[PDB]
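Taken in order, these protein sequences are the chains called C, D, D', B, B', A and A'. A prime marks a further copy of an entry chain. Throughout the first sequence, residue numbering follows the entry's author numbering, covering 72 to 221 in sequence. Throughout the second sequence, residue numbering follows the entry's author numbering, covering 2 to 14, 25 to 69 in sequence. Throughout the third sequence, residue numbering follows the entry's author numbering, covering 2 to 14, 25 to 69 in sequence. Throughout the fourth sequence, residue numbering follows the entry's author numbering, covering 10 to 259 in sequence. Throughout the fifth sequence, residue numbering follows the entry's author numbering, covering 10 to 259 in sequence. Throughout the sixth sequence, residue numbering follows the entry's author numbering, covering 11 to 282 in sequence. Throughout the seventh sequence, residue numbering follows the entry's author numbering, covering 11 to 282 in sequence.
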Amino acid sequence: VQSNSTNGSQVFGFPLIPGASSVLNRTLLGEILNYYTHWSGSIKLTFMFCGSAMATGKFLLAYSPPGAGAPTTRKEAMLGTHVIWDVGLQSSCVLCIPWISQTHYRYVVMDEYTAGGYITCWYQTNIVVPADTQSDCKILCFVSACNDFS
Amino acid sequence: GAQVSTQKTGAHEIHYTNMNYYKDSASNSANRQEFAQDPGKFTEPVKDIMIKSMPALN
Amino acid sequence: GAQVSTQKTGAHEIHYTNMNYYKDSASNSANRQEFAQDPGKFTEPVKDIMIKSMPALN
Amino acid sequence: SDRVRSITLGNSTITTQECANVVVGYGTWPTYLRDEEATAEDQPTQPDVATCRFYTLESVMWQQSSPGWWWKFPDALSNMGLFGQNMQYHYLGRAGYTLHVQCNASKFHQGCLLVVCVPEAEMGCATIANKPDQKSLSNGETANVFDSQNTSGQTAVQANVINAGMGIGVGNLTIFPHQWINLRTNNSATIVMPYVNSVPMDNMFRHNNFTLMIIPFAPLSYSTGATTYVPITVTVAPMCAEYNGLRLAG
Amino acid sequence: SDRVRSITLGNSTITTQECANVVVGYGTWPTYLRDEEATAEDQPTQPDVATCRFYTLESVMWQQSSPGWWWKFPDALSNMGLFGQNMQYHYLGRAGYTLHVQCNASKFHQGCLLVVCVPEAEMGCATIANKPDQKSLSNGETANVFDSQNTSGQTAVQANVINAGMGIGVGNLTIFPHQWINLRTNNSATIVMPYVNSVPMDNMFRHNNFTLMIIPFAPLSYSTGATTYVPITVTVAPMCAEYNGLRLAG
Amino acid sequence: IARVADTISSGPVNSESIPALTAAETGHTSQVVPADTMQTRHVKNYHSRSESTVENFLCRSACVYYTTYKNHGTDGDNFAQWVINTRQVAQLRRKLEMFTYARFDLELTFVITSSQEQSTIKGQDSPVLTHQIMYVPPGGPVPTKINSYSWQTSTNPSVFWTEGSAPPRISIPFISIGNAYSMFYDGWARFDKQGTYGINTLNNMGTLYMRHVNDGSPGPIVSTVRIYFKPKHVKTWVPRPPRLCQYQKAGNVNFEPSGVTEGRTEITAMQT
Amino acid sequence: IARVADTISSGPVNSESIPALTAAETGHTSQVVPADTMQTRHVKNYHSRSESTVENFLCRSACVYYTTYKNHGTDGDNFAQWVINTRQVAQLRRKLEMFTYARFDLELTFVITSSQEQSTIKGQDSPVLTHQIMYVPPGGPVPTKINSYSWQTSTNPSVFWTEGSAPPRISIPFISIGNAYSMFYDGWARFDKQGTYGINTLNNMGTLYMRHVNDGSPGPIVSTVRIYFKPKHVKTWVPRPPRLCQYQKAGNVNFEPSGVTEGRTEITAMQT
Ligand SMILES: CCCCCCCCCCCCCCCC(=O)O
Ligand SMILES: CCCCCCCCCCCCCCCC(=O)O
């Protein structure tokens, strides 16, 4: 992430496919799911800011259910399920992805019927730092299952 | 001297019997069951208890 | 722990036993029985009840 | 007497003086989902009167030679005001439907049509090694027309009436909830169709819960000098609509 | 501590770590209309979570020389998803609003803005014998900008900041519900605004219940090498929305 | 129990009741019974309706599919595979398609047979063959060769069987994603409706793989495996009209237009 | 039972509670559920977690190893032998290595098959073969020949089996020296650290020996035996990260450096 000259830029994104996507398939949740064919339940994503203490900023964490493609702008992303993450004293923020499906279970494998939807992140505000501070910084993302999961 | 227990069934719509034929417990079939879970030892291994609704720090 | 039920017999001229040997209900033999019928959902799906002896209209 | 009925939903009322008793699903009146039978966790949207009102589909003319007409519902109502907008903005949704089919004529006219609502009315293609086109299956409120003879084309629907578009006898469609409009008996028919599926809620663009078919078993016939323009019109209202999965609109 | 708050509405949550206590109307929390205070007879539509969720307006950059910005609400949200569609399809409607204004900066930056919500903020025209243009008054989510000096034009708004666009001292705007964002104190401010009018419900296109104004009383200032891009962003959610008079959409 | 309705004696009638007339247009059947049209005697009808129950109709083991494999071949290509698909078989498909939705457990039986291929080899006396049937769920490792590690089967269920024993048998519990299996699907896989259309969009039930577990012998052998399906504990919903057209494809409902009945000389003819 | 947590309805919230923020640095997961982030409906979730139990994960019979032997050979060298080693098989090893320690009973199944070798001999008709599988614990007498007295088996357990019968089966109780089997061993066999390093220092589980118990016949035969392992009553401790590198050796954990995931065009790309 960095200081931007423009508003609403995209930070990251990927489809919600825990058993296939390169983002999740080898994470612990993915590794367990790779031994199952079908799965169900809600998921948590934790984002930990690892920049300097003198750095502040805000982010949009959002989930967009299928029936439309991934958002192409913050304006569209914000219309889904979302959390505004205020980077301050607490370093971590959690985005909970609710269970939304026409089914009770989804396929572990990529499948068109049990489409995952999309997870994206957009800047809400700029990353603002004082003089003699590096504006370039990193964020770590962690993933785990919710209590409602099988 | 068989025991009687239940079969796994689907939720939100039955017994079977089980006799042991051997003198060694190693001969018994697998102990498949619902058991119990206690994930806290791996998900919350923390001395000072955190409250879900509260700030983690202070 | 077997259950005891009846055999189908001819009308207008007997028990058998049934023990389950598996831990999974999917292993049980078919649920063949007389059950019950309720054809009205397909033969009379009508809000306003018709009387057999009466004119259908008025 | 029992020939007269009135239905009020939302901001619309249909009053009929010559009608059949109302046919109701498989004996099930439409309701909202229970906590016992649920998937999606988010609190659902319930537009209530905003979408549960009646909408009228494009009328068609009944010719003495007409083979019949059909509509697919989730697609038919995709542009119908707020019902339309709520499905355009959601991943999942559910609704039952009230289908009221009308066709008046003079006492001197004769003919008879089957009004039937068929779930999962998957269509066969006229070309065997192919699949039907989207426009051959549904045109929103514009009815598709059945063929009197075997039809053709690479993406055409095998619309010959006798097989009801799906390879079954047309005469056996009476299994499905249905009612008839016999011009000497009534002017309209009413069918109440609850949501029916393998799942509690579904995507309203990928799947058509049911198709309405209007089939003239007895063709329209009249003497000369009698009115020649005899329309058939269809009016429908969703019930207990629920939506989940609010998202960027499709 | 009391510096941290979290607001959840519909399918959206805003969490803030450095904020002011929430300002609430004139002590009134937004509610739905009572039977005692009603006009329209039709059963109202209550979209609930479909429209009561948060929406984000176009962000602006705060320059050390900026005179300030404003938005009119019913107009600002006219294209905001289903809130937008429900007003496009109804004659009457009512809603309260939660306004959360954000602007973060480093501890080394200084400046301070007034965040104020003003009811019936009728605008004066720059040309005295004239009326302002529609686009000079509102650009949906795009903020209008106040002028540092006296402005001009036949349909221009007299946007000079010192008169707040209406001929009053800018320093007296504090009567209206307001909160400040002082960069050394907080990153965001929250105002809850109940519906306020002479009538229980109104037309959401002809009238703007209130205007949000963001005014830098103390301009942004910083040392060299410090971040130069410091945005201000506004996020709003309607509450207890009600609609009456379903009609052909405008 | 499930006894057919009996018959009540009925004498002469002269009244305003009209059981004979109705309005078919209303969408319900007439409830008229013989006691309403002619004079009757009492009949204690002891007949039952047990064979008409859904469970009895469906619980028979039908051949669904069969394929072959050999004990010799090129580069390890000696195994058969089959995508689970219950629509490749005309009789079973027809019965299953009578209900729009169904929920059931499935019992499988396999029948494995083999024969000799024409050969010039003397000394073909061979040991009894053993066969391996393995099920690979969607996304599992796939065999590419008969000696591939993919056959280790650490988790995937499989069955090993020796010829001469009773045919293999196994129970599969209901496995749908939804609460019932759909027989029909009036829809598309994708939101833009650009994928396939119809029932095959839901068919993601895995594949069976089959091979010999002996090594090769000079005498060539060809084996055939027939897979049988017997639904159990079957609950069904929403009956449909039986098909009149013959099936063309397993992946869809395309059809050849077909008449509704065999014809005859006239409407009053007795010779049909 | 083992039911998944259900969902509690949740209305609008405006308060000082902050379930959305935490401190990952503290080493515990967030306990946030959907009721804390969005408005929810009540959901009576009836799903269970039975297949996730350790017992179900592991109790499948995996092929671990196979080898061969012939009915002809030189100087009695017609038997197979195998050192017990569960690390020679990629799929089973991977599953077992997920837990650092485990305690379980082991059920074994053997699958024995055979085939003919190319020969010029006519008159190869032969009687059914019987096989002997013998287990020799560390330090026992060892077969050197198929006709050695070492096969008398007065104490060592063994199984005799005739082709055509159901495959052999036997139960082995937990046998460790310690209170659990170790999957990993960060240490050395010797105090001077001059022996081997790693898990193989603990592998002293004995050897299986296998042979035909018929006499030889002119027609040459080659036999293959597959050994299957099914852990039961399994209790495990201290889970570990699954391996990403492919296994190289059965005796150690040497590995080829491997990336953590398949790549993609960009961080915002949907096509992974
Ligand atoms: C090798 C032994 C295990 C065999 C496992 C095979 C399981 C295949 C799935 C069978 C159920 C198919 C149900 C389809 C019904 C339908 O969609 O209409
Ligand atoms: C011939 C019949 C008797 C067969 C006896 C074979 C016994 C071999 C030992 C099996 C247990 C091996 C457990 C290893 C587990 C581990 O160390 O991780």
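Ideal Cβ placement from N, Cα and C applies to all residues, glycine included.
Min CB distance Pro252 (chain A') to chain A below 8 Å: Within the seventh sequence, the letter at position 242 stands for residue 252 (chain A'). Judged by the 8 Å Cβ criterion, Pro252 (chain A') is not in contact with chain A.
Among B':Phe63, B':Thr24, B':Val179 and B':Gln143, the one whose alpha carbon lies nearest that of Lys81 (chain B'): Here residue 81 (chain B') corresponds to residue number 72 of the fifth sequence, with the count starting at 1. When the alpha-carbon of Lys81 (chain B') is set against those of B':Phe63, B':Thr24, B':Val179 and B':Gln143, the nearest one is in B':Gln143.
Cβ neighbours of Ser161 (chain B) in the same chain (closer than 6 Å, five flanking residues each side left out): Here the question's residue 161 (chain B) lines up with position 152 in the fourth sequence. Result list for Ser161 (chain B): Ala135, in chain order.
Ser19 (chain A) beta carbon less than 8 Å from that of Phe239 (chain A): The residue given as residue 239 (chain A) occupies position 229 in the sixth sequence. The residue given as residue 19 (chain A) occupies position 9 in the sixth sequence. No. Outside cutoff.
Start-end ranges of the alpha helix (DSSP H) lying completely within the region 188 to 269 of chain A', minimum 4 residues: none
Inter-stretch contact (C-beta, 8 Å, three-pair minimum) for the region 206 to 215 of chain A and the region 231 to 238 of chain A: no
DSSP state of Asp84 (chain B') mapped onto helix, strand, coil: By 1-based counting over the fifth sequence, the position of residue 84 (chain B') is 75. Looking at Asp84 (chain B') - three-state DSSP - the assignment turns out to be helix.
Enclosing beta strand (DSSP E) for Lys34 (chain D) [first to last residue]: Start at 1 with the first residue of the second sequence, and residue 34 (chain D) comes out as number 23. Run containing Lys34 (chain D): none; DSSP gives neither H nor E here.
Chain B contacts from the region 37 to 57 of chain D' (Cβ-Cβ distance under 9 Å): Under the 9 Å Cβ criterion, the region 37 to 57 of chain D' contributes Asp49, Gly51, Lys52, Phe53, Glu55, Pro56 and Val57.
Members of the region 180 to 211 of chain B that neighbour chain A once the beta carbon cut-off is set at 9 Å: Hits within the stretch, in order: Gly180, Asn181, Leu182, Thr183, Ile184, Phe185, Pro186, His187, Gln188, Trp189, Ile190, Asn191, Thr194, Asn195, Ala198, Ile200, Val205, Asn206, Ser207, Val208, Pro209 and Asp211.
Selection from A':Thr96, A':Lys80, A':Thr84 and A':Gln98 that minimises the alpha carbon distance to residue 327 (chain A'): Summary: the structure shown does not reach residue 327 (chain A'), with chain A' confined to residues 11 through 282, and so no result is reported for it.
Below-8 Å beta-carbon distance, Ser129 (chain A') vs any chain A residue: Translated into the one-based positions of the seventh sequence, residue 129 (chain A') becomes position 119. Interface residue, yes.
Sheet register partners of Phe155 (chain B') (DSSP bridge): Translated into the one-based positions of the fifth sequence, residue 155 (chain B') becomes position 146. Bridge partners of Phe155 (chain B'): none, in fact.
Residue 1 (chain A') beta carbon near ligand 2 (any heavy atom closer than 7 Å): Outside the modelled stretch of chain A', which goes from 11 to 282, sits residue 1 (chain A'), for which no answer is possible.
Closer than 7 Å: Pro177 (chain A') CB and nearest ligand 2 heavy atom: On the seventh sequence, position 167 is the one that residue 177 (chain A') refers to. False, no ligand heavy atom lies under 7 Å from that Cβ.
Best match in B':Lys116, B':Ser15 and B':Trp79 for proximity to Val243 (chain B') [C-alpha to C-alpha]: Your numbering for residue 243 (chain B') matches position 234 in the fifth sequence. Of B':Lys116, B':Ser15 and B':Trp79, the residue nearest in Cα terms is B':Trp79.
heavy atom of ligand 1 below 7 Å from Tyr191 (chain A) C-beta: Walking along the sixth sequence from the start, residue 191 (chain A) turns up at place 181. Correct: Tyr191 (chain A) has its Cβ closer than 7 Å to ligand 1.
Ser129 (chain A) vs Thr234 (chain A) beta-carbon contact at 8 Å: Here residue 129 (chain A) refers to the residue found at position 119 of the sixth sequence. Here residue 234 (chain A) refers to the residue found at position 224 of the sixth sequence. For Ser129 (chain A) and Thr234 (chain A), no; Cβs fall outside 8 Å.
Residue range of the alpha helix (DSSP H) that includes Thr54 (chain D): Within the second sequence, numbered from 1, the residue matching residue 54 (chain D) stands at position 43. First-last of the alpha helix (DSSP H) with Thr54 (chain D): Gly51 to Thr54.
Environment of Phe92 (chain B') [buried if 16+ CB atoms lie within 10 Å]: Locating residue 92 (chain B') in the fifth sequence gives position 83, counting from the first residue. Buried is the call here.
Range covered by the beta strand (DSSP E) that runs through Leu255 (chain B): What you label residue 255 (chain B) is simply residue 246 of the fourth sequence in a count that begins at 1. Note, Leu255 (chain B): beta strand (DSSP E), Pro240 to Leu255.
Rounded C-alpha distance that separates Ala112 (chain A) from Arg14 (chain B): Here the question's residue 112 (chain A) lines up with position 102 in the sixth sequence. Here the question's residue 14 (chain B) lines up with position 5 in the fourth sequence. Using only the alpha carbons, I get a separation of about 37 Å.
Cutoff 8 Å: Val31 (chain B') Cβ touching any chain C Cβ: Sequence index remark: in the fifth sequence, residue 31 (chain B') carries index 22 (1-based). No, because no Cβ of chain C sits closer than 8 Å to the Cβ of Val31 (chain B').
Contacts around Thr48 (chain B), its chain only, beta-carbon distance under 7 Å, and the 5 residues preceding and following it disregarded: For the purposes of this step, residue 48 (chain B) is taken as residue 39 along the fourth sequence, with counting starting at 1. Once the five neighbours on either side are set aside, the close Cβ partners of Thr48 (chain B) are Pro209 and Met210.
Buried or exposed by the 16-neighbour rule on C-beta atoms within 10 Å, applied to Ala15 (chain A): Your numbering for residue 15 (chain A) matches position 5 in the sixth sequence. An exposed status is given to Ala15 (chain A), since fewer than 16 other beta-carbon atoms sit within 10 Å of its beta-carbon.
According to DSSP, residues forming a beta bridge with residue 9 (chain B): Because chain B spans 10 through 259 in this model, residue 9 (chain B) falls outside it and cannot be assessed.
Buried/exposed call for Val138 (chain A'), threshold 16 Cβ in 10 Å: The sequence position of residue 138 (chain A') within the seventh sequence is 128, counting from 1. By the neighbour-count rule (16 or more Cβ atoms within 10 Å), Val138 (chain A') is not buried but exposed.
Start-to-end residues for the beta strand (DSSP E) that takes in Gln142 (chain A'): Taking the seventh sequence and counting its residues from 1, the one referred to as residue 142 (chain A') is at position 132. Counting along the chain, the beta strand (DSSP E) containing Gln142 (chain A') begins and ends at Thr140 to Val146.
Environment of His26 (chain D') [buried if 16+ CB atoms lie within 10 Å]: In the third sequence, counting from the first residue as 1, residue 26 (chain D') sits at position 15. Taking all protein chains in view, the Cβ of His26 (chain D') is surrounded by fewer than 16 other Cβ atoms within 10 Å, so the residue is classified as exposed.
Collapsed DSSP secondary structure at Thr183 (chain B) in the structure displayed: Numbered from its first residue, the fourth sequence carries residue 183 (chain B) at position 174. If DSSP states are grouped into helix, strand and coil, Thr183 (chain B) belongs with the helices.
Validate contact between the region 108 to 124 of chain B and the region 178 to 196 of chain B using beta carbons, cut 8 Å, 3 pairs: yes
Alpha helix (DSSP H) runs contained entirely in the region 69 to 141 of chain A', provided each spans 4 or more residues: 100 to 106
For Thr39 (chain A'), the three-state DSSP class (helix, strand or coil): Locating residue 39 (chain A') in the seventh sequence gives position 29, where the first residue counts as 1. It is coil, neither helix nor strand.
Three-way DSSP call (helix, strand, coil) for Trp110 (chain C) in this model: Here residue 110 (chain C) is taken as the residue at index 39 of the first sequence, counted from 1. Note: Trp110 (chain C) maps to strand in three-state DSSP.
Whole-number beta carbon distance between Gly86 (chain A) and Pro228 (chain A), since they are thought to touch under 8 Å: Walking along the sixth sequence from the start, residue 228 (chain A) turns up at place 218. Walking along the sixth sequence from the start, residue 86 (chain A) turns up at place 76. So it is not a contact: roughly 18 Å between Cβ atoms.
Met70 (chain B') (DSSP reduced to helix, strand or coil): Position 61 of the fifth sequence, counting from 1, holds the residue named residue 70 (chain B'). In the structure shown, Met70 (chain B') sits in a strand (DSSP, three-state: E or B).
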